[PDB]
Amino acid sequence: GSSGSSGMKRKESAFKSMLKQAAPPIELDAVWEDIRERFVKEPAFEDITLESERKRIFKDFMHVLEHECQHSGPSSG
């Protein structure tokens with residue numbers, strides 16, 4: 001690590017990555033509270049003090065999952 005801020009941004013980023021590395025993989029009809037308890041014991045999740053922060057992040061992850069699964073942007077990264 002040469003130069004890179006850390007804190008809230010790092011926490012949110014780590015949370016998303018944690019969900020992706022989850023098993024099984026966050027389904028399409030999955031519930032935040034239904035998957036939270038799965039990571040509730042993890043440090044990445046415990047890091048998020050604000051419950052809303054975890055809820056909002058989860059929703060965003062779901063949106064990307066659906067868009068990532070089905071072909072939408074064959075050009076984008």
# chains A, B, ... in the order shown; residues from 1 in each chain; ligands from 1

call {"tool": "residues_around", "arguments": {"residues": "stretch 40-47 of chain A", "least_positions_apart": "3", "cutoff": "8 Å", "atoms": "only C-alpha atoms", "output": "list in words"}}
result
residues 11, 14, 15, 18, 36, 37 and 54 of chain A

call {"tool": "write_last_selection", "arguments": {"atoms": "N, CA and C atoms", "output": "JSON list (two decimals), in the first residue's frame"}}
result
[["chain", "number", "residue", "atom", "x", "y", "z"],
["A", 11, "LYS", "N", -14.70, -0.11, 4.37],
["A", 11, "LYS", "CA", -15.67, -0.98, 5.01],
["A", 11, "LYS", "C", -16.75, -1.42, 4.02],
["A", 14, "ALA", "N", -15.27, -3.78, 1.39],
["A", 14, "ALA", "CA", -15.03, -5.10, 1.96],
["A", 14, "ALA", "C", -16.33, -5.88, 2.13],
["A", 15, "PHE", "N", -17.40, -5.17, 2.48],
["A", 15, "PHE", "CA", -18.70, -5.79, 2.67],
["A", 15, "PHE", "C", -19.20, -6.42, 1.38],
["A", 18, "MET", "N", -17.27, -9.46, 0.46],
["A", 18, "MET", "CA", -17.61, -10.55, 1.37],
["A", 18, "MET", "C", -18.86, -11.28, 0.89],
["A", 36, "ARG", "N", -27.84, -11.66, 6.04],
["A", 36, "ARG", "CA", -27.09, -10.88, 7.03],
["A", 36, "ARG", "C", -26.57, -11.78, 8.15],
["A", 37, "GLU", "N", -27.46, -12.60, 8.70],
["A", 37, "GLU", "CA", -27.09, -13.51, 9.78],
["A", 37, "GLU", "C", -25.91, -14.39, 9.37],
["A", 54, "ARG", "N", -25.62, -1.39, 5.68],
["A", 54, "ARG", "CA", -25.54, -2.77, 5.22],
["A", 54, "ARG", "C", -26.72, -3.10, 4.30]]

call {"tool": "residues_around", "arguments": {"residues": "residue A:16", "least_positions_apart": "5", "cutoff": "12 Å", "atoms": "only C-alpha atoms", "output": "JSON, numbers by chain"}}
result
{"A": [9, 10, 11, 21, 22, 26, 36, 39, 44, 45, 48, 53, 54, 55, 56, 57, 58, 59, 60, 61, 62, 64, 65]}

call {"tool": "write_last_selection", "arguments": {"atoms": "N, CA and C atoms", "output": "PDB file, in the first residue's frame"}}
result
ATOM      1  N   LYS A   9     -15.227   3.996   3.243  1.00  0.00           N
ATOM      2  CA  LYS A   9     -15.134   3.492   1.878  1.00  0.00           C
ATOM      3  C   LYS A   9     -14.594   2.066   1.860  1.00  0.00           C
ATOM      4  N   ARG A  10     -13.584   1.811   2.686  1.00  0.00           N
ATOM      5  CA  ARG A  10     -12.977   0.487   2.765  1.00  0.00           C
ATOM      6  C   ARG A  10     -13.960  -0.527   3.346  1.00  0.00           C
ATOM      7  N   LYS A  11     -14.697  -0.109   4.369  1.00  0.00           N
ATOM      8  CA  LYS A  11     -15.674  -0.978   5.014  1.00  0.00           C
ATOM      9  C   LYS A  11     -16.747  -1.420   4.024  1.00  0.00           C
ATOM     10  N   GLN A  21     -18.122 -13.461  -2.128  1.00  0.00           N
ATOM     11  CA  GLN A  21     -17.395 -14.669  -1.762  1.00  0.00           C
ATOM     12  C   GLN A  21     -18.226 -15.546  -0.832  1.00  0.00           C
ATOM     13  N   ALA A  22     -19.508 -15.220  -0.708  1.00  0.00           N
ATOM     14  CA  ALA A  22     -20.411 -15.977   0.148  1.00  0.00           C
ATOM     15  C   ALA A  22     -20.858 -17.268  -0.530  1.00  0.00           C
ATOM     16  N   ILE A  26     -25.442 -15.055  -3.183  1.00  0.00           N
ATOM     17  CA  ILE A  26     -26.671 -14.286  -3.030  1.00  0.00           C
ATOM     18  C   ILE A  26     -27.607 -14.505  -4.216  1.00  0.00           C
ATOM     19  N   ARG A  36     -27.838 -11.659   6.044  1.00  0.00           N
ATOM     20  CA  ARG A  36     -27.088 -10.885   7.027  1.00  0.00           C
ATOM     21  C   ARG A  36     -26.568 -11.785   8.145  1.00  0.00           C
ATOM     22  N   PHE A  39     -23.366 -13.389   7.530  1.00  0.00           N
ATOM     23  CA  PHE A  39     -22.152 -12.589   7.626  1.00  0.00           C
ATOM     24  C   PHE A  39     -22.127 -11.790   8.926  1.00  0.00           C
ATOM     25  N   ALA A  44     -16.155  -8.182   8.717  1.00  0.00           N
ATOM     26  CA  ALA A  44     -16.501  -7.213   7.684  1.00  0.00           C
ATOM     27  C   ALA A  44     -17.877  -6.609   7.937  1.00  0.00           C
ATOM     28  N   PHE A  45     -18.817  -7.447   8.358  1.00  0.00           N
ATOM     29  CA  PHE A  45     -20.176  -6.995   8.635  1.00  0.00           C
ATOM     30  C   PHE A  45     -20.237  -6.229   9.953  1.00  0.00           C
ATOM     31  N   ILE A  48     -19.657  -2.523  10.017  1.00  0.00           N
ATOM     32  CA  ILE A  48     -20.724  -1.589   9.674  1.00  0.00           C
ATOM     33  C   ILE A  48     -21.648  -1.350  10.863  1.00  0.00           C
ATOM     34  N   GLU A  53     -26.642   1.108   6.371  1.00  0.00           N
ATOM     35  CA  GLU A  53     -25.485   1.022   5.490  1.00  0.00           C
ATOM     36  C   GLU A  53     -25.374  -0.368   4.871  1.00  0.00           C
ATOM     37  N   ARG A  54     -25.617  -1.391   5.682  1.00  0.00           N
ATOM     38  CA  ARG A  54     -25.544  -2.771   5.215  1.00  0.00           C
ATOM     39  C   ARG A  54     -26.720  -3.100   4.301  1.00  0.00           C
ATOM     40  N   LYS A  55     -27.879  -2.525   4.608  1.00  0.00           N
ATOM     41  CA  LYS A  55     -29.080  -2.754   3.814  1.00  0.00           C
ATOM     42  C   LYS A  55     -28.947  -2.126   2.431  1.00  0.00           C
ATOM     43  N   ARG A  56     -28.495  -0.878   2.394  1.00  0.00           N
ATOM     44  CA  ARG A  56     -28.322  -0.163   1.135  1.00  0.00           C
ATOM     45  C   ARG A  56     -27.278  -0.851   0.259  1.00  0.00           C
ATOM     46  N   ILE A  57     -26.166  -1.244   0.871  1.00  0.00           N
ATOM     47  CA  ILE A  57     -25.092  -1.913   0.145  1.00  0.00           C
ATOM     48  C   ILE A  57     -25.574  -3.225  -0.463  1.00  0.00           C
ATOM     49  N   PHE A  58     -26.361  -3.972   0.303  1.00  0.00           N
ATOM     50  CA  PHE A  58     -26.891  -5.249  -0.160  1.00  0.00           C
ATOM     51  C   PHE A  58     -27.754  -5.060  -1.404  1.00  0.00           C
ATOM     52  N   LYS A  59     -28.625  -4.058  -1.366  1.00  0.00           N
ATOM     53  CA  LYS A  59     -29.509  -3.770  -2.490  1.00  0.00           C
ATOM     54  C   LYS A  59     -28.706  -3.486  -3.755  1.00  0.00           C
ATOM     55  N   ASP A  60     -27.661  -2.678  -3.618  1.00  0.00           N
ATOM     56  CA  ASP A  60     -26.809  -2.330  -4.749  1.00  0.00           C
ATOM     57  C   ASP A  60     -26.147  -3.574  -5.334  1.00  0.00           C
ATOM     58  N   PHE A  61     -25.671  -4.451  -4.457  1.00  0.00           N
ATOM     59  CA  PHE A  61     -25.013  -5.679  -4.887  1.00  0.00           C
ATOM     60  C   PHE A  61     -25.965  -6.551  -5.700  1.00  0.00           C
ATOM     61  N   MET A  62     -27.228  -6.579  -5.288  1.00  0.00           N
ATOM     62  CA  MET A  62     -28.240  -7.373  -5.979  1.00  0.00           C
ATOM     63  C   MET A  62     -28.485  -6.836  -7.385  1.00  0.00           C
ATOM     64  N   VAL A  64     -26.415  -5.179  -9.326  1.00  0.00           N
ATOM     65  CA  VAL A  64     -25.270  -5.502 -10.169  1.00  0.00           C
ATOM     66  C   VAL A  64     -25.263  -6.980 -10.544  1.00  0.00           C
ATOM     67  N   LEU A  65     -25.713  -7.821  -9.618  1.00  0.00           N
ATOM     68  CA  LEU A  65     -25.759  -9.260  -9.852  1.00  0.00           C
ATOM     69  C   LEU A  65     -26.678  -9.594 -11.023  1.00  0.00           C
TER      70      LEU A  65
END

call {"tool": "atom_distance", "arguments": {"atom1": "atom CA of residue A:75", "atom2": "atom CA of residue A:24"}}
result
28.6 Å

call {"tool": "atom_distance", "arguments": {"atom1": "atom CA of residue A:2", "atom2": "atom CA of residue A:49"}}
result
27.8 Å

call {"tool": "closest_residue", "arguments": {"among": "A:66, A:17, A:3, A:12", "to": "residue A:29", "atoms": "only C-alpha atoms"}}
result
A:66
